[PDB]
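**Student:** For reference, the structure I am asking about is given below.
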């Protein structure tokens with residue numbers, strides 16, 4: 001919906017399809033190797049994944065963008081967990097990710113904060 | 001029939017098919033990690049099968 005939908009799947013990797021032209025160029029800053037994405041995976045959950053490979057298909061008049069992602073965890077409500085088993089199926093949109101949630105993940109209340117960089 | 005038919009039979013895996021998109025939309029809630037399906041296998045002896053973390057391959 002926001003950027004695209006998932007097409008294929010596997011017990012180790014997830015394959016995502018992204019529309020071309022305006023959508024890719026508008027949000028090309030956040031579409032790089034090593035960054036993060038979130039997938040709906042049902043109704044109220046969300047699965048966090050990291051980008052590993054980006055390709056463009058043009059042969060046989062099939063111009064489209066294809067991404068490979070690997071999950072890292074699932075956050076339910078306002079808290080983050082690790083080691084997710086439930087995984088998304090096709091017709092599931094991807095809704096990008098912001099930086100405030102990343103700040104919340106890496107710096108929780110108390111937890112004996114020790115800064116690194 | 002109910003969901004689909006069998007494409008390939010092999011000693012280690014069975015390749016199955018789904019008829020159309022409406023069936024997939026209705027049964028999306030039951031095709032995911034660790035879900036179970038049964039195949040006819042002759043007259044009445046059903047065979048239980050297991051599927052992986054996600055169960056799809058759109059082609």
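Cβ: placed from backbone, ideal geometry, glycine included. Neighbour counts: every protein chain shown. Bear in mind that the values in this text are calculations on the coordinates, not laboratory data.
**Student:** With just the Cα atoms defining each centre, how far is the stretch B:5-59 from the stretch A:11-45? Give it in Å.
**Tutor:** 28 Å
**Student:** When you look at the Cβ of every residue in A:86-94, what mean number of other chain Cβ atoms sits within 10 Å? Spell out each step's value before the answer.
**Tutor:** On the way: counts 5, 6, 3, 9, 7, 6, 1, 0, 0.
Taking all residues of A:86-94 together, the mean is 4.
**Student:** For the residues B:36, A:36, what sequence is obtained by ranking on other C-beta atoms within 10 Å, fewest first? Intermediate values should be presented prior to the final figure.
**Tutor:** Details: B:36 9, A:36 18.
So the ranking, lowest neighbour count to highest, is B:36, A:36.
**Student:** How do B:44-52, A:108-116 rank on mean C-beta neighbours within 10 Å, highest first? Could you put the intermediate results ahead of the total?
**Tutor:** Working: B:44-52: 10.8, A:108-116: 6.0.
Order by mean packing, descending: B:44-52, A:108-116.
**Student:** Which of A:90, A:11, A:71 ends up with the largest GNM mean-square fluctuation for chain A, with Cα atoms connected below 10 Å?
**Tutor:** A:11
**Student:** With a point put 7 Å past each Cα toward its Cβ, work out how far residue B:1 is from residue A:82 in nm, to one decimal.
**Tutor:** 4.8 nm
**Student:** Could you work out the relative contact order of chain B? I mean the mean sequence separation of Cα pairs under 8 Å and 6+ apart, divided by the number of residues, in percent.
**Tutor:** Details: 61 pairs, mean separation 13.3, N = 59.
RCO, chain B: 23 percent.
**Student:** Please work out whether the protein assembly as shown counts as rounded, prolate or oblate from its C-alpha gyration tensor, where a ≥ b ≥ c are the square roots of the eigenvalues and a/c under 1.5 means rounded, while otherwise a/b larger than b/c means prolate and anything else oblate? Before the final figure, lay out each step's value.
**Tutor:** Details: a/c = 2.61, a/b = 1.56, b/c = 1.68.
Oblate.
**Student:** Which of these, A:81, A:95, A:65, has the largest mean-square fluctuation under a Gaussian network model of chain A (Cα springs below 10 Å)?
**Tutor:** Its mean-square fluctuation being the largest, the pick is A:81.
**Student:** Continuing with this model, one more query. What is the average number of partner chain Cβ atoms found within 10 Å of a Cβ in B:20-31? Can you show the working numbers first?
**Tutor:** Working: counts 0, 1, 0, 0, 3, 1, 0, 0, 5, 2, 0, 2.
Neighbouring Cβ atoms belonging to other protein chains average 1 per residue here.
**Student:** Continuing with this model, one more query. For the stretch A:11-57, what class follows from the C-alpha gyration tensor (a ≥ b ≥ c being the square roots of its eigenvalues): rounded when a/c is under 1.5, otherwise prolate if a/b is larger than b/c, else oblate? Walk me through the intermediate numbers first.
**Tutor:** Working: a/c = 1.77, a/b = 1.50, b/c = 1.17.
Verdict is prolate for the stretch A:11-57.
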